[PDB]
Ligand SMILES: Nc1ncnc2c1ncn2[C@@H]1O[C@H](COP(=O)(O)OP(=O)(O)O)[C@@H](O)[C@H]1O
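Here you get one chain, nothing else, as structure tokens; it is the form deposited without this ligand.
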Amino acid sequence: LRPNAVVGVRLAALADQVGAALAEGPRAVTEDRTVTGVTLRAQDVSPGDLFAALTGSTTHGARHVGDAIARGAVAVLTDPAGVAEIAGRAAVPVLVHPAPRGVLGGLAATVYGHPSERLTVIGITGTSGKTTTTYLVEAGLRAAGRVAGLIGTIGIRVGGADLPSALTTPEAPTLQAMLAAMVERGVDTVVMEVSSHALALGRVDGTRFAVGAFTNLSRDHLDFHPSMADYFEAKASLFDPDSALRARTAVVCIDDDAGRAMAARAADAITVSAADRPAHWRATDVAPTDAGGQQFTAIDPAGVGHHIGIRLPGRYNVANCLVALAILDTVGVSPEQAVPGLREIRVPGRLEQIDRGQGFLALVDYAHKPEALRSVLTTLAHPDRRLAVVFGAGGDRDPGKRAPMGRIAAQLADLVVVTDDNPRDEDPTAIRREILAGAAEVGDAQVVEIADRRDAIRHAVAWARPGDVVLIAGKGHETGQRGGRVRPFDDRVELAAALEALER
């Protein structure tokens, strides 16, 4: 996804815009060169690109200048540390800026012709539910017959094409190029996951958001953000009226202390509640249905109810759908127009129910981490049925997560099966042991250890009873099993297979 019809911008114009210094000083050559693309990865440069040589946690892009020059880069944008790495002559103009990353987004939006002013870009932020919400919006938009584009963790979707992505939210130069390509392909609306990383690090800097939405907040990403406050503030970038990143219109789920705080921040948010608080949109008559679905009445700000049906379980997925409906409405798609696409979309690995022919509920979920697991389980237990859950943790990752995670599983599940999720270099048994240490403390559950992930799934399936619910957690859409080798593995495929192998 790169556009193929970008007119350039003179290098000297860019230099002026961002007030950059030249590494070689007073260039005439700069007045001559044209910039037709922007990238911050040397190996991605196409001839005519500006290479942003950035500093980062693990290296400095200026060390890759030689490579960029050889792939055709017309010029380089870096900081004072960058000039130090380059030492003397690079064969192209080197623009120096303190804080390049804080200005990259605008440069990219300049060269790709400000694609986001020619599109309706919807950004969705929050701790959980970003993916699911972007999926519902994109589903509604399709049903109304709009040409939509989706950008998030599972990948990028435009028209007939679907392609993968390194990050929940791409870096500025990629994002701007994607949006430019979408413009060429005649997309008119784009939904996006906007992570708090992306906001903190300037990834969305040159982008006009027509709608910004907030799902919720609970503790996550504290290995990046120095505190919970900082985490909230990063997200606020999208809602504060005076903020450079304020979206044109704000949709904010209450239901959450953090949610309630964001509404106030936005000052004029369209508010959304599935938990019986007054809001512009509310949910009533929430009923579960056969085939693991949910139906409710969504009441718009005019106070008119709409019959919504959705393939996803859980109260918070009702909240996701309300956010979707609020977004869709402000962008000119009514519930009536939207509902055929919501009735039937499945979001990969987010409470994705797998049905290879009846019996009981079988679901795959992304939920790793203590908090995510607690809510997933709670919204799946009904006094009756029986709830089984297979999971494990990743090797060479903070172990602190393992201990209570099994504890959560112990109080809420009826059957808990501990297996291997990406062990890497770490010894598999040491990982499972620590989770099981949590499963001790059990007056309810029944805990097992089956190392082999495949047999674990097999075990829980054969254990079910018509009406029971099985949950494979901790991978969602993400594949493979790392142990050297990446053994093939897709949680959705085995499980569909395990169900396939069940009877004469």
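Residue positions are given as counts along the sequence shown, with the first one as 1.
Absent from the display: the form solved in complex with this ligand. The rest refers to it.
Enquirer: Classify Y316 as contacting or not contacting this ligand in the deposited complex by the rule of any non-hydrogen atom within 4.5 angstroms, answering yes or no.
Expert: Flag for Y316 set to yes.
Enquirer: At 4.5 Å between heavy atoms, is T131 in contact with this ligand in the deposited complex?
Expert: Yes, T131 lies within 4.5 Å of this ligand in the deposited complex.
Enquirer: Is there any non-hydrogen atom of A177 lying within 4.5 Å of this ligand in the deposited complex?
Expert: Result no; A177 lies far from this ligand in the deposited complex.
Enquirer: Would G82 show up as a contact with this ligand in the deposited complex if we use heavy atoms at 4.5 Å?
Expert: Residue-level check for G82: no, no contact with this ligand.
Enquirer: Among 112 to 120, 367 to 375, 268 to 276, 285 to 293, mark the stretch whose residues have heavy atoms within 4.5 Å of this ligand in the deposited complex.
Expert: It is 367 to 375 that comes within 4.5 Å of the partner.
Enquirer: Exactly one of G126, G149, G259, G392 has a non-hydrogen atom within 4.5 Å of this ligand in the deposited complex; which residue is it?
Expert: Result of the distance check: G126.
Enquirer: Of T207, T189, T78, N216, which residue is found within 4.5 angstroms of this ligand in the deposited complex when only non-hydrogen atoms are counted?
Expert: Residue within 4.5 Å of the partner: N216.
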